[PDB]
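Notes for the one structure printed next.
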Amino acid sequence: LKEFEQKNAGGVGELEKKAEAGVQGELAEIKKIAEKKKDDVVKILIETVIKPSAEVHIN
Amino acid sequence: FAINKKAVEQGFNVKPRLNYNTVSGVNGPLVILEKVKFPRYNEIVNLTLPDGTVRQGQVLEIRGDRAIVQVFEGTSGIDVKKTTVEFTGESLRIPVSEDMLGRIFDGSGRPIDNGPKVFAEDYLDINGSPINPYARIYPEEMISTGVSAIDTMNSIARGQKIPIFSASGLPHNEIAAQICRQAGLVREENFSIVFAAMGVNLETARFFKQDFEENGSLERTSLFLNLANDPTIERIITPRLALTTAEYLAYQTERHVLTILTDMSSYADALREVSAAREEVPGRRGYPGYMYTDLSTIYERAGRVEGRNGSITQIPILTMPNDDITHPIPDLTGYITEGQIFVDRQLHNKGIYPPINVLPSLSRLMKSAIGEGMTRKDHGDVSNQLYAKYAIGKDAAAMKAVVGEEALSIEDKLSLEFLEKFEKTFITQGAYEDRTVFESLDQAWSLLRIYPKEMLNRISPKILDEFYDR
Amino acid sequence: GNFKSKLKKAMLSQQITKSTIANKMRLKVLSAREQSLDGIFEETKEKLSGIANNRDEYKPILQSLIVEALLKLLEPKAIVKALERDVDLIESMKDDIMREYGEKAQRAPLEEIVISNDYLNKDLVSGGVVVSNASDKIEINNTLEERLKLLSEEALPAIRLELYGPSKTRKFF
Amino acid sequence: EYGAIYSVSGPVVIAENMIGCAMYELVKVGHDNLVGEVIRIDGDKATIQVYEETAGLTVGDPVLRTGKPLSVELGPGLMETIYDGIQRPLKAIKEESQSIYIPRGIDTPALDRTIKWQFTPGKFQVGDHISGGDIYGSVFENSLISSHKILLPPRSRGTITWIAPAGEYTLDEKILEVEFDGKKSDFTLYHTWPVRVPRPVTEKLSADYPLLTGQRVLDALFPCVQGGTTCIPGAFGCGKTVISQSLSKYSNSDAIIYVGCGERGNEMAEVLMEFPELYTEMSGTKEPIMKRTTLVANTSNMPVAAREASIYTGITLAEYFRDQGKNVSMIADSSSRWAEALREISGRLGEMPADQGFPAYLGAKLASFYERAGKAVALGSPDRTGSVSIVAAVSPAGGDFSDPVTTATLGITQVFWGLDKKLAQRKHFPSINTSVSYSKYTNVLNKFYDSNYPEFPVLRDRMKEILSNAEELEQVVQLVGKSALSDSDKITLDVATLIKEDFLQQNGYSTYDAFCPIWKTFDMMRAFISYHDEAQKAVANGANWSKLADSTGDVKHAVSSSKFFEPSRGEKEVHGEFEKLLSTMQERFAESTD
């Protein structure tokens, strides 16, 4: 049992670091594709906000 | 694709909404408005108490210019001078997205796992239109749950709805956890599991969160929790949220879902409470007159579809009040559903796990899944033989306690031996023991060795001649 | 037999640690995505103000907003609660508003449009108005800082479809 | 002309400015034109019940009038179709809506208006006189429905001034002009009919021909007649579908109309998959049975108010097919769900309940429905006859027969088939309770029996006596023990167990016992009675029965395995085997009398 329990001592930091590295390539994608399409979304929603509809609820 | 790009283009639109600072009474959990300018039945509103705390409601009736609103989070503290409503101009909708898997939501479907919002792909009404019966296909499949009493005497075909009747104090929670941990198609364990618990204590929620975490299943599940101390009215919404999520997943991403509803008795109690607040005509024992339809619109959402591959299977857990199968809730639950597994109190007092008796349980779609090409050809009638012998054992034991042990022919002695062994070795099993249907059927045959071939009548002679001797 | 239990317990514990790490990993990605979205939704508000600091273009937008609120209200009387630096503009268009309300709806023009002596917050609110009826019991909040909040709730799917293209594994809508 | 919505609450609407509306008239509600039917009237206002989902209705929405009550469309193309409560085809709705949900506010014609039909003109010539109910043509619908017949609508008559020639047509092209006070009437291949007014008939007759179910117990002890009613009170899942399945599969009727009200919904998916893969022979083996059936489906999920309109629609079609001189049979599903819907709407309006909430007029709704059954002579010239034989199935709460729904049908029906729970739990199907069921059509079948099977009723009575005596004798052994039982009592109990294990177990589905013909049942009946008689005869002379038990040995096995004789092998085929069986049995008894 001592062997088994001490075998797991090194399985914490290594696993944590490996998992951290695994996704680390994803946040970069999020950031880099956020800046390409920011202007389009901003323009679209500003245009939507500015112009009202001016409609009457069909009775 | 263009079709994807147009279904959401209508989203880019802004629609302001009114604020009515005009309430004209409060009574029980209801609130009455006035001068509402074209109400809509089944709308959603946002009460803003004078304290500054927001709540939510839902209209139920609309006369000329009055709307009767029932509030979810109680009604105390409301005032007829400073409160403020705001009509959202829509029904109740849930934000869904296939990233819900692996998260926790509360009774109202909002995160409680210290995470962000859902960032949905589309909004869906919690209610849903019925499924065109011409566009439904019956299962023709089988799930191996690894429980002999469930996988041999009864059967479960994916796309089926099966309750679990169990009294209070029995380990139906453990049985459900085992089933969901230990279910796969008979030759997958890829069943995405949505889970909705309503009216439970903290210990039950902690236990369920624990079991799904150590089995590596928490990354493909979704939990809705409504504990015992949460507002009573919200217990009606929760199952609809869970089922809407399941329907989205299955019928629009092609994956097989399995749903659990932890306590339908609490749902029935909440229905009765909200009904009695109004003055609806009651059914027997005080429950509402229309409870049957309300339960039906919850259960009848499972099965398969012609053009899709997903299939959602239900395992609602139900608790009888006083171990009374004639109570309204079990009666309607088993009238709507197709089969049900029965957890027995008597077997529990003898330390038999799972304490499942087989006489009062049934499985409607067993006769289709079993047969040839999936299991041995004996499965169809070995179950019948075991049923008959168990029923004979019961009344033989009953007779033994009246006349003594004088009129018990050899038939009765064999029946009692069979009854003892069939419970002490066959039904009983461990909490982590799998049992493929082949092994269970071999053991079942082993228990018919007691009887000589000449009086196993329910079974076919052909099967006997080819298996009774091997 | 004792060994089986005292080994299974440690097995379950290490499995729980694995599951906990794998779980908490996803929250970082989700938070990153929603933070990126918050970036867009925060950098927009600095252009609404820019438009609000432009008289040549702000007048028609104000008129349209007032007309929309009045049309949704459908009353013969109205009260307007605008900012301090806009009452001058509003006072210069009290004829077009009445005529256009009388036109779009099939009734006669409004009777009066009394601008409230109250005001709004110079900082929280940038432009827009709030319109209510005579008794001041029904309101339609139509500030430029309100419309954005509504738009940031019913436009999430239309924003995901644009920032990540058609989602995979969804095949029937 | 248009009204306006004024109040909405559950499945009930109130519309103002409705002056011309009339009781039970049909209306169109909302902007999607949902279907409604006025119920009450108070000056301008008029309460309405909606046959769809009420959600999103806005006070002020328009409401229309139509001026005619809820009616179905009767004509060619009814066979093989599946309909919802208000007769909207489901195949067309799916294939045109490109979805699996039922889109609310959808409207499609009940009968396809584009298909082509072959029309064979009748015998009436121009200038003749024709009265409502007379055949003036025919149509070829299927290989099994060889000639669908065309009928003049009731309440319409005159002298025909133009009749179309043979050929092909659609559901629109007029094929007859009738002049009563002006040739203002044009008649196509179809016509409508209000659902709450029973179709007129010439005269009612007495049903005196048995309805062959296939199940042994039903045919033997509790027979039914072609044109009679019935009840099958369920007991919470005791194989009440096996009876309906067998009845639909093997009954000797020219058509079937299976109705589902409050159904589980999954069943329809099975009954519309099995039938196109099963066959029955009448004038040759015609592979499909679907060519003979129509289905009306309203699952427990679909709107409540449509439950009531799913049985009137079901039975009006049965009456229509009767008018063409065909023996039809309507197999209703749970009729207690209809009562539950009535209770729900009654409570919604607000009114005094009678029993357990049910409205006071429940007892009158049921009777006027069961009264449409029965043989009768159609209305018209060619003098044909038909019949309708409804078979309800009530679903009492719990398992008691004190339910107001149950106690109301037993007062009006003529046959009754209880169901037992424990028998179902033991896998003993059919699960009929032989001590409480009864049948009133037990003597009027004497003519048929005399024509065919003169000794049938005597054997039936003797078997029932055997079973009752066995029950009484066992009633004491539970507290006295089988010690003071004479030989005769022991033989009676043995024979009763043999019968309850062999004769009355149909084992549902197999290749041998799925449809036990009448003659096979009769021969088995005679064999069992002869066995018991000889067993009592041999022991009558003092010979001990205990030794006879294993001295005979093969007799019991022979009688218990006689049920395996394969039908369809010839009426004379198994007749000889059953003839020699009892001869060998009595020879063995005479020899084994030692």
### Task
Provide the descending list of Cα extents for chain B along its principal axes, expressed in whole angstroms.
84, 58, 42
### Message
When 1/r is averaged over all different Cα pairs and the result inverted, which Kirkwood radius in Å belongs to the stretch B:94-215?
### Response
17.4
## Note on the structure
Inter-part gap, Cα centre of the stretch B:248-267 to Cα centre of the stretch D:160-184, in whole angstrom, is 58
### Task
Take chain C, connect every pair of alpha-carbon atoms lying under 10 Å apart with a spring to form a Gaussian network, then pick out the residue of C:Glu111, C:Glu146, C:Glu34 with the largest mean-square fluctuation.
C:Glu34
### Task
Within the stretch C:120-153, which residues have the backbone N less than 19 Å from the label spot 7 Å out from C:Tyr58 along Cα→beta-carbon, could you tell me?
C:120-131, C:142-148
### Query
Toward the positive end of the charge dipole of the stretch D:1-77, about the Cα centre and with charges on Cβ (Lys, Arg +1; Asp, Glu -1), which of D:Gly10, D:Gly67, D:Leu57 goes farthest?
D:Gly67
### Message
Tell me the angle of helix D:336-349 to the major Cα principal axis of chain D, expressed in degrees between 0 and 90 and rounded to the nearest ten.
### Response
40
### About the Cα centre, charge dipole magnitude for the protein assembly as shown (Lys/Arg +1, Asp/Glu -1 at Cβ), debye
880
### Task
Would you mind computing, in nm to one decimal, how far apart the modelled labels at B:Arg345 and D:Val197 are, each placed 7 Å from Cα along Cα→Cβ?
5.9
### Query
Roughly how crowded by other chains is peptide D:230-239, in terms of the mean Cβ count from those chains within 10 Å of each of its Cβ atoms?
2
### Query
What whole number of Å gives the distance from the Cα centroid of the stretch D:21-78 to the Cα centroid of the stretch D:361-436?
32
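Taking loop as defined by DSSP and a crowding limit of 14 other beta carbons within 10 Å, which chymotrypsin sites (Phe, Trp or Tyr not before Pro) in the stretch D:167-238 fit?
Numbers: sites: D:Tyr169, D:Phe180, D:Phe187, D:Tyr190, D:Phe236; in loops: D:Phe180, D:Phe187, D:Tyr190, D:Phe236.
Answer by residue number: D:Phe180.
Based on the Cα coordinates of the stretch D:2-70, what is the per residue volume of their convex hull in Å³?
On the way: hull volume 4.9 nm³, N = 69.
Dividing the Cα hull volume of the stretch D:2-70 by its residue count gives 71 Å³.
Provide a whole-number value for the mean count of partner chain Cβ atoms within 10 Å of the Cβ atoms in peptide D:297-309. It would help to have the intermediate numbers written out before the result.
Numbers: counts 3, 1, 6, 11, 13, 7, 2, 3, 0, 0, 1, 0, 0.
Neighbouring Cβ atoms belonging to other protein chains average 4 per residue here.
So for B:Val305, D:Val304, fewest C-beta neighbours within 10 Å to most, what's the order?
Values: B:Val305 17, D:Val304 24.
Lowest count first: B:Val305, D:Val304.
Please compute the Kirkwood hydrodynamic radius of chain D from all pairs of different C-alpha atoms, in Å with one decimal. Mind dumping the intermediate values first?
On the way: mean 1/r = 0.0367 Å⁻¹.
Taking the inverse mean of 1/r over all distinct Cα pairs, chain D comes out at 27.2 Å.
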### Query
Who wins for biggest fluctuation among C:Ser132, C:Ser19, C:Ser64 in a Gaussian network model of chain C, springs between alpha carbons below 10 Å?
C:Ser19
#### Entry: Beta bridges by DSSP in chain D, antiparallel share as percent, to the nearest 5
80
### Query
Check D:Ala393: other-chain or 5+ apart residues with amide H under 5 Å from its amide H, H built from backbone geometry?
D:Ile232, D:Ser335
### Message
If I take every Cα pair under 8 Å that is 6 or more residues apart in chain D, average their sequence separation and divide by the length, what percent do I get for the relative contact order?
### Response
13
### Query
Against the longest alpha carbon principal axis of chain C, how many degrees, from 0 to 90 and to the nearest 10, is the axis of helix C:2-43 turned?
20
### Query
Percent of alpha carbon pairs in the stretch C:89-159 separated by more than 17 Å?
60
### Query
Going down the table (D:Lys440/D:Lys563; D:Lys123/D:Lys286; A:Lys32/B:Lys5; B:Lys6/B:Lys161), which pairs top 25 Å between alpha carbons?
D:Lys440/D:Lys563; D:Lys123/D:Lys286; B:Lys6/B:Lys161
### Message
Would you calculate the convex hull of the Cα atoms in the stretch D:1-126 and tell me its volume per residue in Å³?
### Response
158
### Task
Choose one of B:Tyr123, B:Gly404, B:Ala277: the residue whose Cα lies farthest towards the positive end of the charge dipole of the protein assembly as shown (beta-carbon charges +1 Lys, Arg; -1 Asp, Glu; about the Cα centre).
B:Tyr123
### Task
Would you give the gap between the C-alpha center of the stretch A:34-56 and the C-alpha center of the stretch C:107-165, rounded to a whole Å?
16
#### Entry: Global size of the protein assembly as shown as Cα Rg and Dmax, reported in angstrom
36.3, 129
### Summary
Note on chain A: the mean projected area of its alpha-carbon convex hull, in nm², is 9.8
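Over its Cα atoms, what ratio of radius of gyration to 2.2 N^0.38 Å does the stretch B:1-119 give? Intermediate results must be reported in sequence, preceding the final value.
Values: Rg = 17.1 Å, N = 119, 2.2 N^0.38 = 13.5 Å.
Ratio of Cα Rg to 2.2 N^0.38 Å: 1.27.
Using only C-alpha positions, report the orientation-averaged shadow area of the convex hull of the stretch D:361-499, nm², one decimal.
Values: hull surface 52.7 nm².
Result: a mean projected hull area of 13.2 nm².
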### Using θ = phi - 60° and Karplus 6.51 cos²θ - 1.76 cosθ + 1.60, couplings along the stretch D:380-396 (whole Hz; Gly, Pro as x)
x, 7, x, 6, 10, 10, x, 6, 9, 9, 7, 10, 6, 7, 7, 10, x
### Projected label distance in nm at C:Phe173 and A:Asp40, using a 7 Å step from Cα toward the beta-carbon
2.3
### Task
Working from Cα positions, state the angle (0 to 90°, nearest 10) between the long axis of helix D:312-323 and the longest principal axis of chain D.
80
#### Entry: Dimensions in Å of the stretch B:143-211 - Rg and Dmax from alpha carbons
13.1, 39
### Task
Take the alpha-carbon positions of the stretch D:440-594, form their convex hull, and give its projected area averaged over all directions (one quarter of the hull surface) in nm².
10.9
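Could you pull out the pairs from B:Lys209/D:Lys427; B:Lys82/C:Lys122; B:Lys453/D:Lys520 whose alpha carbons sit more than 32 Å apart here?
Numbers: B:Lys209/D:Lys427 40 Å; B:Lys82/C:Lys122 25 Å; B:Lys453/D:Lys520 28 Å.
Table pairs above 32 Å Cα-Cα are B:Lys209/D:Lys427.
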### Query
What size of dipole, in debye to the nearest 20, comes out for the stretch D:84-136 about its Cα centre when the only charges are +1 on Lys and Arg C-beta atoms and -1 on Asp and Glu C-beta atoms?
140
### Total charge dipole magnitude, the stretch D:440-594, about the Cα centre, Cβ charges on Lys, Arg, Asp, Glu only, Debye to nearest 20
340
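For the stretch D:115-187, count all C-alpha to C-alpha pairs, find those more than 16 Å apart, and express that count as a whole percent of the total.
On the way: 1212 of 2628 pairs.
Taking all Cα-Cα pairs of the stretch D:115-187, the fraction more than 16 Å apart is 46 percent.
We place every Cβ from the backbone using ideal geometry, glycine too, and count neighbours over all the protein chains shown. Any read-out appearing in this document is the output of simple, stated calculations on the displayed coordinates, not a laboratory observation.
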